[PDB]
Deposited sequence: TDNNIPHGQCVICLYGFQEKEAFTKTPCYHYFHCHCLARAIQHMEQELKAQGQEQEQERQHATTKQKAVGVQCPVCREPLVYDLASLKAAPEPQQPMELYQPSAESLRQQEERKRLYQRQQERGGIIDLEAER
């Protein structure tokens, strides 16, 4: 029915009524996500001189860009960032290490 895995471009999974596609190399992407990837590849190729390829496995890709662009963009809630108590403790320790390196002339300062 609906794919159980993750889209590697946006890092979200697939939900009911979302628009997604499956490549000939067996990889699933939201339609919107693959469209964006292809646009960038087309730009880079032109600036050097097809070579549009799957982001996962590098297999040359067949596609229709307009069809992919027409699909609805998934509405996906942003994942909040709430550092755990342990993470906050770890960040404080890093601050101390950085300070010592500065004193040693061990930090590159490009100014």
- Note on the structure: No C-alpha positions exist for deposited residues 1-3, 53-68, 131-133
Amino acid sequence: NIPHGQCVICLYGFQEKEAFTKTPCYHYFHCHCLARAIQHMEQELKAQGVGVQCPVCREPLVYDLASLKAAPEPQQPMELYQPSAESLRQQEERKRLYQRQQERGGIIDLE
From here on, numbers count along this sequence of modelled residues.
- Note on the structure: Comparing 96-104 with 9-17, the higher average Cα temperature factor in the PDB entry belongs to 9-17
- Query: Of the two stretches 36-44 and 76-84, which shows the higher Cα B-factor on average in the entry?
  - Reply: 76-84
- Message: Based on the deposited C-alpha B factors for this chain, I'd like to know if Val62 is in the lowest, middle or highest third.
- Response: middle
- Message: Where does the C-alpha B-factor of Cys54 rank in its chain, lowest, middle or highest third?
- Response: lowest
